[PDB]
Structures are given as structure tokens and as C-alpha cells.
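Encoded as C-alpha cells, the following chain is the form deposited in one PDB entry, with no partner shown.
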């Protein structure tokens, strides 16, 4: 990696965020468009299986999948956020988390934000564990 961060293009920043998410979450990360092709980069869609922060081996765990699609001008605009496969969470709790995530994303415009969104989910899951 010998590129500079300030002059990057939108496809370069999104591709680099996917590599960062893969290094951080590993098997909990899934690229839903791994065979993306074309002259222009397709909007990436990723799936993050997230767990409560600081979960021990003796604890029962609630979980949820953070599904994010990045528009062409991401991260200058907010991504499409979805919450799927919630375990141990009520429908009102999932709707509450999605509203807080969409509002955190509005204030996080200008830089890649999926990791901070995932951190707030894991913090939310810890409070509901």
C-alpha cells in the first residue's frame, strides 16, 4: 500500500475500506458482491455479523447482521444500512438501533464509517445482553 489518502477516488476508498473490514472482522465479514465487474465500480454491499462488546465464554449472546451498501459517492454520502438476522432483540430494539445508525452515519460523512457503525452496534448489543 503506497497510495496517499487525500487524493483517492471513491472506488479506491471503498475498496480499501473493504480490505480494512476483512482484516478486522475476518470470518464475521462477508462480501456480498465478490465478483463485481464492469468499467465502473459497482456499489459494494457487505455483511457484518456483530456480537456484544466484551462477550465472555460463560455469557449468552444476542447478535445482529449489519448489512451496508455503499453508494457511488460514499463516504461523502451515507450508505444504505440494514439490520438482519437479529437474535434476542425485539422488533422495537432493532428499529431503534437502525434509526441511531442512520443518524450516526449522517454526522460521519466525509470518511469511511462502517467500522464506527459496527462499534455502535456492538455497544448496543452489550447493553441488551
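Residue numbers count along the first chain shown, from 1. Rigid core here is just the name for the largest C-alpha set that superposes within 1.5 Å across the two forms.
Look at the mean CA B-factor for 6-14 and for 114-122 in the entry; the higher one is 6-14. Comparing 67-75 with 34-42, the stretch with the higher mean C-alpha B-factor in the PDB entry is 34-42. When the C-alpha B-factors of 48, 27, 55, 83 are ranked from the entry, the top spot goes to 55.
What follows is about the form deposited in another entry, which we do not show.
The comparison between this form and the one not shown, aligned on the rigid core, picks out a single residue among 92, 59, 76, 103 whose CA moves by 2 Å or more, and that residue is 59.
Superposition on the rigid core between this form and the one not shown places the CA atom of residue 36 2 Å or more away from its counterpart. Relative to this form, in that other deposited form the C-alpha atoms of residue 36 and residue 77 separate from one another by 3 angstroms or more. Three angstroms is the minimum change: in that other deposited form, the CA atoms of residue 36 and residue 79 sit farther apart than in this structure, by 3 Å or more.
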